[PDB]
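In: Below is the sequence, then the experimental coordinates.
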Amino acid sequence: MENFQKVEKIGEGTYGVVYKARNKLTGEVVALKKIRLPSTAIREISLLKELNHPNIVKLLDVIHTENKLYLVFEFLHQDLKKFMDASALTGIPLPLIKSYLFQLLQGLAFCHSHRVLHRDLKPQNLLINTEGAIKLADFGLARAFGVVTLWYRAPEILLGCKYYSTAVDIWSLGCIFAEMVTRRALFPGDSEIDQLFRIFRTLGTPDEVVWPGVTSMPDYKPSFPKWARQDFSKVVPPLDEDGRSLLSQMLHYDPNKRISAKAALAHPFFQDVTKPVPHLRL
Ligand SMILES: O=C1Nc2ccc3ncsc3c2/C1=C/Nc1ccc2c(c1)CS(=O)(=O)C2
């Protein structure tokens, strides 16, 4: 770590603090993560170094020195949370929302094809550059290591499913899509039950008809209040029918019915996708 000069703190993640740093040898500007503290973890994190894609933040190096772990990542100058805040008065243009959603689905389709899940997608780990690219940061770390935001958590995780699938990432990205469009978080829960009941109040309390097996889930309670579903026209105005159709498939309750990233890329909403240039203030 004597090979790195810390510039400034750029994040306070779940696995540890993230710093902007300069590699004293190559002159490279990187994102340095010091993991807060196992052999199983080293092996799984070593596999992530090979999971390379243009929409995935590159894991450059794994440094296991003095019983401490450091992850060296590719550096990007802004995240989607800051960009959404900077664009709050005018909203992100629909062509740029569509481009970012299409690129994130490409990154998801790639990781999911390698049986790698993110599990904790949120605007703070979606990173953007001046070329119009958007990249996913921290794919696979949750599985590798084993106040936290609940806003993007899939309902099967909240209902105590221990063996959840790639569908959890589609749910999180659907919540992010809705937030880019409306300029407000879709389900801003501040406890696990508030998160669950916010989902229920919008999409309706799930039952055996819409989600076979839901009533046998570990944290399912028959005492859950029964709310009726709301129209998507009310949930994400002024999003057109193609966008609302795609979002509804990303937010299906049953993980098995929820659209895959690969099928989502073929949805008619992406018929006119382009790659615009965002205006970034750095
Ligand atoms: O470049 C990076 N790579 C990684 C890899 C993993 C990882 N985990 C959590 S963050 C992160 C980052 C990362 C953060 N970058 C960055 C740079 C500048 C600004 C922000 C973020 C927030 S802002 O938009 O308010 C100003």
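Out: Thanks, I have the structure now. Residues are numbered from 1 along each chain as shown.
In: Closest to the centroid, which residue in the protein?
Out: Central residue of the chain (Cα atoms, centre = their mean): residue 121, 2.0 Å from the mean position.
In: Report the separation between that one and the ligand.
Out: As judged by Cβ to the nearest ligand atom, to the nearest Å, residue 121 and the ligand stand 12 Å apart. For every residue, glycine as well, the C-beta is placed using N, CA and C.
In: now that residue: how far from residue 277?
Out: Using Cβ to Cβ, to the nearest Å, residue 121 is found at 24 Å from residue 277.
In: returning to what we had before: residues contacting the residue nearest to the centre of the chain?
Out: For residue 121, the contacting residues are 136, 152, 169, 172-173, 176, by Cβ atoms under 8 Å, 6 or more residues apart in numbering.
In: Over to residue 124?
Out: 11, 79-81.
In: Now do the SS call for it.
Out: When classified by DSSP: H, G, I helix; E, B strand; the rest coil, residue 124 comes out as helix.
In: Report the secondary structure state of the closest residue to residue 210 other than its chain neighbours.
Out: Excluding the flanking residues, the one nearest residue 210 by Cβ to Cβ, 6 or more residues apart in numbering is residue 253, at 5.5 Å. For residue 253, the assignment made with three-state DSSP gives coil.
In: So which residues on the chain come close to the ligand?
Out: Counting by Cβ under 6 Å from any ligand atom, the chain comes close to the ligand at 10-11, 13, 18, 31, 33, 57, 73, 75-79, 82, 125, 127, 137-138.
In: among the residues you listed, which ones are buried?
Out: 10, 13, 18, 31, 33, 57, 73, 75-76, 78-79, 125, 127, 137-138 (16 or more other Cβ atoms under 10 Å).
In: and the residue of the stretch 101-250 of the chain found nearest the ligand, what does it touch?
Out: When scored by Cβ to the nearest ligand atom, the stretch 101-250 of the chain has residue 137 as its residue closest to the ligand, at 3.9 Å. Residue 137 is in contact with 57, 73, 125-127, counting by Cβ under 8 Å, 6+ apart.
In: again, only using 7 Å
Out: 57, 73, 125, 127 (Cβ atoms under 7 Å, 6 or more residues apart in numbering).
In: now do residue 116
Out: Each residue near residue 116 by Cβ under 7 Å, 6+ apart is listed here: 51, 139-140.
In: let's go with 8 Å and repeat that
Out: 48, 51, 139-140, 143.
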